[PDB]
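**Student:** Provided herewith is a single structure, encoded as C-alpha cells, for subsequent inquiry.
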Amino acid sequence: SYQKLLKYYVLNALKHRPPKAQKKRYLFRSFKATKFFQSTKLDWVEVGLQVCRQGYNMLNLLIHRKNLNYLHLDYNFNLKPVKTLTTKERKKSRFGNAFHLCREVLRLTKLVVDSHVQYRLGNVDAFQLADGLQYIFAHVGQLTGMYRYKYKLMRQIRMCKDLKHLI
Amino acid sequence: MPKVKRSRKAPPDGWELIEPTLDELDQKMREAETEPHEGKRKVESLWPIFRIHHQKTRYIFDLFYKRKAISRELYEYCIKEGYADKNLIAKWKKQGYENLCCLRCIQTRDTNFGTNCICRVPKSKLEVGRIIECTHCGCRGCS
Amino acid sequence: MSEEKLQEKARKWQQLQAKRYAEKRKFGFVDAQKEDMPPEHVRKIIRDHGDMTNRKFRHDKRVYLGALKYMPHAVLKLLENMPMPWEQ
Amino acid sequence: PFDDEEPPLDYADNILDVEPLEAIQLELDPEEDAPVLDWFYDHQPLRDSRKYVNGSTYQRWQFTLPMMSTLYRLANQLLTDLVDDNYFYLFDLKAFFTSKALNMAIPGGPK
Amino acid sequence: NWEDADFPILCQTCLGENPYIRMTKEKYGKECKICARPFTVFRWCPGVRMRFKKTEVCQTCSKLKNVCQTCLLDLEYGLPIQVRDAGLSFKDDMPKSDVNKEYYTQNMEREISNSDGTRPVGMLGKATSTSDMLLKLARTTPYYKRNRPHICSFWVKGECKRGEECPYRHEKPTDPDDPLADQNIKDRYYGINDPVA
Amino acid sequence: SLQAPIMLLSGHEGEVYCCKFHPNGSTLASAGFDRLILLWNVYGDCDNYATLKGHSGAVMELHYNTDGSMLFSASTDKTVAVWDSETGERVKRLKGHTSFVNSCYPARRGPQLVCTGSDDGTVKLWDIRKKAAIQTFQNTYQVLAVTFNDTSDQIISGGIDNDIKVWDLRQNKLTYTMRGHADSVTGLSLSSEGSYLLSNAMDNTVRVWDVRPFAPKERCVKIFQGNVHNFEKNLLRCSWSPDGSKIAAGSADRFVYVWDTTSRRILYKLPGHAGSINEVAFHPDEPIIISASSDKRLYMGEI
Amino acid sequence: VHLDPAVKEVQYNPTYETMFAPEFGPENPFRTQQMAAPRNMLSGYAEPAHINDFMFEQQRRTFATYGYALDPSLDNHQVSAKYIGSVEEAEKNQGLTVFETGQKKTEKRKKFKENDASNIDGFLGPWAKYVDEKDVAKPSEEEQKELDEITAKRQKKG
Amino acid sequence: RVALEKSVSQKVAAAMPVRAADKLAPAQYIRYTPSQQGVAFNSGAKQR
Ligand SMILES: [Zn+2]
Ligand SMILES: [Zn+2]
Ligand SMILES: [Zn+2]
Ligand SMILES: [Zn+2]
Ligand SMILES: [Zn+2]
Ligand SMILES: [Zn+2]
C-alpha cells in the first residue's frame, strides 16, 4: 500500500503541466444574477436531505416521462422492475452509464447524508458517525456499485484501500 | 421544543422579557410552514412566510431603535440566531424605504423590465384607487 | 409670462432634473446586491413540491428535468462542505 | 441506514427541534493550551477578529508564536520528526523520476 | 427552420392605445399555432385594463396571408381572412395535411429568404386590384374590446376568492348556443367556415 | 476639403453633450453623459490618445481657450475641473455651486476668467488663481447657458424665463434684458468678432442677437427655423463657423442644420445620426463639422 | 436635384438642395395605404430610437395613469410641439407627469393599521386591507341562476 | 474573413453551452411608424 501511494504521488508530480491561465467562469455567480435563483443559509443536514429528495425526483421524473411505469426507483436508489418484463419492455427500459452513474452518485450521497441524519436524530453516536463515514469512503465499491458503470473508478477504490492500510 | 440555538453561550441580559413573544412568533411561523395549499394560489402560499418574517424583524427593530429597550449585545444576538434579518433592517434605516416588505420587492434583477415591484409605488402616484397585491410578497403598498 | 406660471415651470424643471440626474442613474451604476432570503421559503417550496405528482405544479415538471444536468455539481459542493466531526 | 421503502425524513419536524449531540472536541488545558482554547473548535475559528484574519472572505491569517507553538504541540500525532530532507536522498521526487525514466525500481519505492 | 425575427407584425387595436409600449422578446418561446415551427414570441401589455396579448403565429404565416400575428385579421382592412379572400381570389391553397404543410412551408420560406423580406409574397399582385365591398365595411375606429381579460372561471362557480383583486372579468360569458362561439384557430386562419366571416 | 469625407468617431458610452474643436483645429476633445472626455486626433486617422477622468457628473459644458492650451469643462455635480490640453491633468478645480453646473465659458484675451451657471439660479465669476468665487449673481430661476463678450466686461445668461440677461461686471447690475423667446433658452454662443450672439430655445426658434455699444434697442436681428426640441428636454447648443458665415445647431430630430450667415438659408441638413443631436462644431481652418449626439457616435462631415 | 432618391448611405457630405428636393412627376395609382407609406417590413417603418429611459417611462406612466402624453414623432406636421392623448385633461391639469408633485389632493381611501409587530395575529404592516372594499365577490341574485343556466347548456353538449 | 469568423463563432457557441452562463441587458428602443394611420388608432399620433 505504501509503494502504491508513492507511485500515485510520483504520477501526480510528473505529469504536472502548469495551471494554464484561463478566463474565470463563475457558474454560481451567473445563476444568482438571474431571476430564477434565490439565496439563503441552511443547516447542512437540511440541504443534504433536499439534494437527496431532488435527485430522487429528477430520476423518477426521467422514468415517468419515458412512460416506464413498470420500473421503480426506491428511496435508496435501487432500480427494480415492478413485474416481469417482456422483450420489448426490456429493450425499451435499458438505461446507459449516465443514468446509472448519476443514480450511484446519489446513492453515495444518501449514505453520507443518512449517516448525518441518524447522528442528528440522536440514534447513533459521534464516534460511530466518524467510523461510519470512514467505512463509507473506504468501501464505495462494496456499498454502491459505481464501478460497473464506469470501471476507471478502481483507481480510486484501490487507493482508498491503500489509505485504509496507511491509517 | 424551542429553536435549537447555535451559540451555546447563554443569551444576554434582557433575553427573558422578549422570549414569550419571540417564541410566539416562532410558533406562528411553524403554522405557516405546514398549511396545506388548497385554495391558495401557487405564489399565494408563500406570502405568510414573508409576512411573519417581516413581523419578527420589525419586533426586534422596534425594541432597539424606537423603544431603546435592548442593548447592542442582545440585539446582535437575535440577528445571529435568526430572529431578525440584518439586511431588511438596513433598508428600513434608509430614507424612503421604511415599511419595506421584502428584499425581493426592491430587487431589480427579479423583474422583467429591471424595476421594483408596484408594491413600492406610492399610492398617491397611482391616482386611480386600484387594488394591489404584489405577487412576490402579498403587499399592498409599502411606500 | 406671469410669476405663478414661471414658478410652476421652475418647479417642474427642478423636480425633473432632480429625478433624471439622480446618483442612482449614472452610467456605470451597478445596482444593489441580491440578499439572503428567509430559510422557510425554500423549505415550504420543497414541502409543497412533493413527489411532483400534484397537478398544480405540472408546469415545473419540465424545469426539474433540466436541473438533472447539474445534479453532479450540486453533489460536489454538498460533499465539499461536510461538517468536520468536532462540529455539531 | 434507512430501509429501501422508507420515505426520507422531513427536516422540519424530525431534526429541526432536536438538540444535536455532544461532538468529539478534546478537552484542552486552560493554562497550557491558553491562547487556543477560546476559538479552537469553532467552524471558521477567528473569523470576525481583525487582528488574526481579514474579514469574512477568510483568506489570510496572521497568528502569534504562542498560537503557532500550541497548534504545533497539538498536532504532533500527525506530524513527523524529520528536521532535514537528507532522509530523502534516493527516495525523493527527482530520484523517482530518474527511476521511471529507466527500468529501475527502488526497494521501498514505486515500480 | 426556426424563425428568429425582430419586432413583430401587429395591427393598431392589438398594440394598444398607448404610444409608449413595453414588450419582451423571447427568442424561441412557443411554436406556431399553424406552422408548428417555433418562432420569436413578443409580449406586451396593450393598455391598463387589458390582457397581456402575445404573438401567436410566425412572421412567415403572416407574410403568406397578410395578417396580424395575434388577432389573425388583415393589416390593411382589418377583416377576417375568409371575407378578404371572398372579396378577392383564393389562389394561395396552403395545404392543411401535415407533411404537405411543412413542405410548402419550407419552400415558401425559402422563397421569402430568397427575396427582400418586405412584401406579401403571392398576395401583392392580387393586392394591387382592391377597393371592393370590403372597404365599405372596414372598421374605422379601434375595437379595444378584444384586449380584455377572460371570464373568471372561479366566479362562474361563485367561488372567486380574490374578489376585487382578481384581474379577470366578473361578467357574462357568451351563450354557447351561438354559431359565433366555435371559432377554431386554423379555421380562422385558412379561411374555412369562420362564423364571424 | 481636407482628408474628411465623413468618417465616424466612437468610444462613448452615453450621450455626447459637448465637443469642441482644437484652437489649432488639428486635434479635438469631446465629453458628455459618460463622465469621460475624449480626445481624438482629427488628422491622419482620427484616433483618441488622452482621456481626462475626474468627474462625478455629466461633463455638460466643454470649452477651449483662445490658445486652447487650457481646456475647462462644466459637470453636473456642481464642480468644474480645469485640464490642460497637454498631459491631461486636473489642474485647477473650482467648487462654488449648491446644485448642478449647467454651463461654463472662458474669457479670451483678458486675464484668465471663467463663468458658470447652475440650477441654484446663480451665475459665478471665477478667477482661476483664487480658489473662490469673485462675483455671484442671484437670478431666481435655473440658469442654462452663459457666455462672455470679447471685451470681458459683460456676462450673457440664458435661463428658463425665456429672457437673455446681460450683466455688467463693474456695476453688478442687470444691464439688459432680451425678449423674443417663448420658452427656455438652452444654448448661447458669441461670434468670433464679438458682434453677434446665437441662441437655441424650446420656443422652436434659433435667434441671432446683436450686442453693440450702439444697439437698435430691439435686437431680434434674425430668426431661423427647422430645429426641433421634444420631451427629452436635452440642452441644445449652437456654434458659429470660424468666419461667421455659417450657423450650426443640433436638434432632437437627428438633423444637423447649418444656415447661411448672411441669407439665413439652410446650407446643410445632414443625416447619419440615430439619436438626438446635442452639439455641432466647426473646424477652425477647414470646412469640417463635428456632430455629437445621444447615439454615442461622432461624425466628421466635410464640406 | 443631384442625387438618387433612395439607395442608402451617401459617401460624400450632401447639400440641402441636393438631397431634400421633392421627386418630380405624379404618383402611380398602383399602391395602397400600406404600399404608399414608407414601410420597412409589412406593417410599417421600424428604426432604432435612442430615447432617454426616464423620460420615456415618465410619459408612459403619465399616459397609463391619466391618458395623455407628448408626441414622440420625429417631425410630424412640422411644428415645435403638441400633446397626444385625451388632450382635454392635459391642459386641465397643466400637463403634469406622475414623477411630479400633484395639483389634486383629495378623497384618500381608508385602510387598517396595526404597525407594532407585538400583537400576534393582529399585525398587518403593509398587508393592510381597505376598510371599504371587501373580499370574496359573489355575483348577484339572478346572475347566479343565469350562470347555472349557461353551465347547464354547456352540459347538454358533451 | 470577418464574414466567416462570425458563422464560426455561432457554430462554436454550441460546443460549450454554459461555462460562464449568459448575461443580458441591452434593453433598447425602436421607433415605429404604424403605416395604417387612423384618427383614433394610435390614440393620436403618427408614430409610437
Ligand atoms: Zn414584499
Ligand atoms: Zn412588492
Ligand atoms: Zn410592499
Ligand atoms: Zn408560422
Ligand atoms: Zn392584431
Ligand atoms: Zn374573478
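Chain labels run A, B, ... following the order of the C-alpha cells; each chain numbers its residues from 1, and ligands are numbered from 1 in the order shown.
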Which residues are near ligand 2 - at most 6 Å, using only C-alpha atoms and all ligand atoms? Format: as JSON, numbers by chain.
**Tutor:** {"B": [105, 117, 119, 134, 136, 137, 139]}
**Student:** Filtering to C-alpha atoms, could you give me those residues as a short mmCIF file (atom, residue, chain, number, x, y, z; two decimals), in the first residue's frame?
**Tutor:**
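The result, stored in out-v6.cif:
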```cif
data_model
loop_
_atom_site.label_atom_id
_atom_site.label_comp_id
_atom_site.auth_asym_id
_atom_site.auth_seq_id
_atom_site.Cartn_x
_atom_site.Cartn_y
_atom_site.Cartn_z
CA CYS B 105 -39.74 43.71 -3.72
CA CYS B 117 -42.49 45.99 -7.91
CA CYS B 119 -45.62 47.37 -4.25
CA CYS B 134 -47.73 42.05 -5.03
CA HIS B 136 -43.69 38.36 -4.58
CA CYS B 137 -45.00 39.24 -1.26
CA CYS B 139 -48.02 43.54 -0.08
#
```
**Student:** Tell me as a list in words which residues belonging to chain F come within 12 Å of chain H, counting only C-alpha atoms.
**Tutor:**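 Written out as asked, the residues are residues 274, 275 and 295 of chain F.
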**Student:** Select residues of chain C: the criterion is any atom within 8 Å of an atom of chain G, counting only C-alpha atoms; output as a PDB file with N, CA, C and O atoms, in the first residue's frame.
**Tutor:**
```
ATOM      1  N   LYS C  12     -41.435  72.377 -11.972  1.00  0.00           N
ATOM      2  CA  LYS C  12     -41.395  71.248 -12.892  1.00  0.00           C
ATOM      3  C   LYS C  12     -40.254  71.403 -13.889  1.00  0.00           C
ATOM      4  O   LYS C  12     -40.420  71.145 -15.083  1.00  0.00           O
ATOM      5  N   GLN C  15     -37.782  69.406 -10.210  1.00  0.00           N
ATOM      6  CA  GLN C  15     -38.116  68.018  -9.899  1.00  0.00           C
ATOM      7  C   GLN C  15     -37.655  67.075 -11.010  1.00  0.00           C
ATOM      8  O   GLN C  15     -37.178  65.962 -10.749  1.00  0.00           O
ATOM      9  N   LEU C  16     -37.757  67.538 -12.259  1.00  0.00           N
ATOM     10  CA  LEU C  16     -37.326  66.744 -13.405  1.00  0.00           C
ATOM     11  C   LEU C  16     -35.818  66.529 -13.409  1.00  0.00           C
ATOM     12  O   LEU C  16     -35.346  65.405 -13.610  1.00  0.00           O
ATOM     13  N   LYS C  19     -34.880  64.116 -10.436  1.00  0.00           N
ATOM     14  CA  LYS C  19     -35.116  62.684 -10.587  1.00  0.00           C
ATOM     15  C   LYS C  19     -34.449  62.114 -11.834  1.00  0.00           C
ATOM     16  O   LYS C  19     -34.275  60.895 -11.930  1.00  0.00           O
ATOM     17  N   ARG C  20     -34.070  62.957 -12.794  1.00  0.00           N
ATOM     18  CA  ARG C  20     -33.450  62.481 -14.024  1.00  0.00           C
ATOM     19  C   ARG C  20     -31.936  62.372 -13.914  1.00  0.00           C
ATOM     20  O   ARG C  20     -31.343  61.497 -14.552  1.00  0.00           O
TER      21      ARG C  20
END
```
**Student:** Residues within 12 Å of ligand 3, counting only C-alpha atoms and all ligand atoms: report them as a VMD selection string.
**Tutor:** (chain B and resid 47 50 to 51 54 97 to 106 116 to 123 132 to 143) or (chain G and resid 124 to 128)
**Student:** Export C-alpha atoms of the chosen residues as a short mmCIF file (atom, residue, chain, number, x, y, z; two decimals), in the first residue's frame?
**Tutor:**
```cif
data_model
loop_
_atom_site.label_atom_id
_atom_site.label_comp_id
_atom_site.auth_asym_id
_atom_site.auth_seq_id
_atom_site.Cartn_x
_atom_site.Cartn_y
_atom_site.Cartn_z
CA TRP B 47 -46.96 35.01 1.28
CA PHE B 50 -42.69 36.88 4.16
CA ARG B 51 -45.27 38.46 6.44
CA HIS B 54 -41.36 40.94 8.43
CA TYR B 97 -37.59 52.53 2.43
CA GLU B 98 -39.13 52.34 5.85
CA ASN B 99 -42.06 49.94 5.59
CA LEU B 100 -40.50 47.64 3.03
CA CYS B 101 -41.89 44.15 2.61
CA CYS B 102 -39.13 42.01 1.42
CA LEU B 103 -35.84 42.19 -0.18
CA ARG B 104 -37.50 40.73 -3.26
CA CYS B 105 -39.74 43.71 -3.72
CA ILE B 106 -36.80 46.08 -4.32
CA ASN B 116 -39.06 47.43 -8.42
CA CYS B 117 -42.49 45.99 -7.91
CA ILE B 118 -45.63 48.08 -7.94
CA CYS B 119 -45.62 47.37 -4.25
CA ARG B 120 -43.07 50.18 -3.99
CA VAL B 121 -45.02 52.82 -5.92
CA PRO B 122 -46.64 55.49 -3.73
CA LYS B 123 -50.41 55.05 -3.63
CA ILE B 132 -52.62 45.95 -5.46
CA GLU B 133 -51.38 42.60 -4.33
CA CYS B 134 -47.73 42.05 -5.03
CA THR B 135 -47.02 38.60 -6.36
CA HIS B 136 -43.69 38.36 -4.58
CA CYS B 137 -45.00 39.24 -1.26
CA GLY B 138 -48.69 39.93 -0.98
CA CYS B 139 -48.02 43.54 -0.08
CA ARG B 140 -50.37 46.40 -0.76
CA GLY B 141 -48.19 49.44 -0.90
CA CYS B 142 -45.06 49.78 1.19
CA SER B 143 -44.12 53.22 0.06
CA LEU G 124 -50.53 43.90 9.36
CA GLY G 125 -47.81 46.34 8.41
CA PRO G 126 -48.08 46.86 4.66
CA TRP G 127 -50.57 43.99 4.13
CA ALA G 128 -53.43 46.17 5.39
#
```
**Student:** Using only C-alpha atoms, determine which residues lie at most 10 Å from residue 50 in chain D, disregarding the query and same-chain residues fewer than 4 positions distant; provide the list as a PyMOL selection string.
**Tutor:** chain D and resi 46+54-56+61-62
**Student:** What does the list of residues within 7 Å of ligand 5 look like if you count only C-alpha atoms and all ligand atoms, written as a ChimeraX atom specification?
**Tutor:** /E:10-14,68-73
**Student:** Selected residues, C-alpha atoms, written as a PDB file, in the first residue's frame, please.
**Tutor:**
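result12.pdb written:
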```
ATOM      1  CA  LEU E  10     -49.009  43.914 -35.444  1.00  0.00           C
ATOM      2  CA  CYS E  11     -52.116  45.988 -36.105  1.00  0.00           C
ATOM      3  CA  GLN E  12     -53.111  49.006 -34.009  1.00  0.00           C
ATOM      4  CA  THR E  13     -56.046  47.700 -31.941  1.00  0.00           C
ATOM      5  CA  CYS E  14     -53.863  44.865 -30.632  1.00  0.00           C
ATOM      6  CA  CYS E  68     -51.612  40.405 -37.680  1.00  0.00           C
ATOM      7  CA  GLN E  69     -49.783  37.815 -35.623  1.00  0.00           C
ATOM      8  CA  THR E  70     -52.162  37.844 -32.707  1.00  0.00           C
ATOM      9  CA  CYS E  71     -55.712  38.585 -33.936  1.00  0.00           C
ATOM     10  CA  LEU E  72     -55.290  36.969 -37.406  1.00  0.00           C
ATOM     11  CA  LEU E  73     -57.141  39.858 -39.045  1.00  0.00           C
TER      12      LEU E  73
END
```
**Student:** Could you pull out the residues sitting within 9 Å of ligand 4, using only C-alpha atoms and all ligand atoms, and write them as a ChimeraX atom specification?
**Tutor:** /E:3,31-39,56-62,105
**Student:** With a cut-off of 8 Å and counting only C-alpha atoms, select all residues of chain G in contact with chain E and give the selection as an NGL selection string.
**Tutor:** :G and (30-34 or 40-43 or 46 or 56-57 or 59-60 or 63-64 or 133-139 or 144 or 147 or 150 or 153-154)
**Student:** Let's have the selection written as a PDB file, in the first residue's frame, with C-alpha atoms.
**Tutor:**
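Written out: result-v4.pdb:
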```pdb
ATOM      1  CA  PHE G  30     -50.952  51.181 -58.202  1.00  0.00           C
ATOM      2  CA  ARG G  31     -50.301  51.374 -54.458  1.00  0.00           C
ATOM      3  CA  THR G  32     -52.451  51.239 -51.319  1.00  0.00           C
ATOM      4  CA  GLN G  33     -52.045  52.913 -47.904  1.00  0.00           C
ATOM      5  CA  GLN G  34     -49.690  50.115 -46.876  1.00  0.00           C
ATOM      6  CA  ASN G  40     -39.911  48.614 -43.556  1.00  0.00           C
ATOM      7  CA  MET G  41     -41.371  45.116 -43.003  1.00  0.00           C
ATOM      8  CA  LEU G  42     -45.066  44.511 -43.907  1.00  0.00           C
ATOM      9  CA  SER G  43     -46.624  46.733 -41.265  1.00  0.00           C
ATOM     10  CA  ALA G  46     -39.247  50.449 -37.595  1.00  0.00           C
ATOM     11  CA  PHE G  56     -39.805  57.533 -21.919  1.00  0.00           C
ATOM     12  CA  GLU G  57     -41.082  55.798 -18.807  1.00  0.00           C
ATOM     13  CA  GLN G  59     -44.523  59.777 -20.447  1.00  0.00           C
ATOM     14  CA  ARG G  60     -45.539  56.095 -20.482  1.00  0.00           C
ATOM     15  CA  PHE G  63     -50.468  58.086 -20.149  1.00  0.00           C
ATOM     16  CA  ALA G  64     -51.132  54.882 -18.186  1.00  0.00           C
ATOM     17  CA  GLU G 133     -63.727  47.291  -0.308  1.00  0.00           C
ATOM     18  CA  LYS G 134     -64.134  43.662   0.725  1.00  0.00           C
ATOM     19  CA  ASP G 135     -63.094  40.143  -0.403  1.00  0.00           C
ATOM     20  CA  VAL G 136     -64.971  37.257  -1.989  1.00  0.00           C
ATOM     21  CA  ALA G 137     -67.318  38.633  -4.664  1.00  0.00           C
ATOM     22  CA  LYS G 138     -70.420  36.500  -5.007  1.00  0.00           C
ATOM     23  CA  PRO G 139     -72.124  37.834  -8.164  1.00  0.00           C
ATOM     24  CA  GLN G 144     -76.132  33.010 -10.278  1.00  0.00           C
ATOM     25  CA  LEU G 147     -74.788  31.197 -14.908  1.00  0.00           C
ATOM     26  CA  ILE G 150     -75.391  28.629 -19.158  1.00  0.00           C
ATOM     27  CA  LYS G 153     -76.474  24.463 -21.610  1.00  0.00           C
ATOM     28  CA  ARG G 154     -72.785  23.533 -21.636  1.00  0.00           C
TER      29      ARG G 154
END
```
**Student:** Would you give me, as a list in words, the residues of chain A that come within 9 Å of chain H, using only C-alpha atoms?
**Tutor:** residues 24, 25, 26, 27, 29, 30, 31, 33 and 34 of chain A
**Student:** Write out, as a short mmCIF file (atom, residue, chain, number, x, y, z; two decimals), in the first residue's frame, the residues just selected, with C-alpha atoms.
**Tutor:**
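Produced file again_29.cif, reproduced below:
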```cif
data_model
loop_
_atom_site.label_atom_id
_atom_site.label_comp_id
_atom_site.auth_asym_id
_atom_site.auth_seq_id
_atom_site.Cartn_x
_atom_site.Cartn_y
_atom_site.Cartn_z
CA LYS A 24 -12.71 32.77 -14.96
CA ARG A 25 -16.23 31.47 -15.41
CA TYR A 26 -18.21 31.67 -12.10
CA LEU A 27 -21.23 29.37 -12.61
CA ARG A 29 -22.42 33.97 -9.88
CA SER A 30 -24.26 33.65 -13.19
CA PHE A 31 -27.03 31.62 -11.57
CA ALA A 33 -27.65 37.04 -11.37
CA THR A 34 -30.77 35.55 -12.98
#
```
**Student:** One decimal, Å: what's the distance from CA of residue 60 in chain B over to CA of residue 35 in chain B, could you say?
**Tutor:** 25.9 Å
**Student:** Calculated over only C-alpha atoms and all ligand atoms, which of the candidates B:39, B:14, B:96, B:48 has the smallest distance to ligand 1?
**Tutor:**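 Under the stated criterion, the closest residue is B:48.
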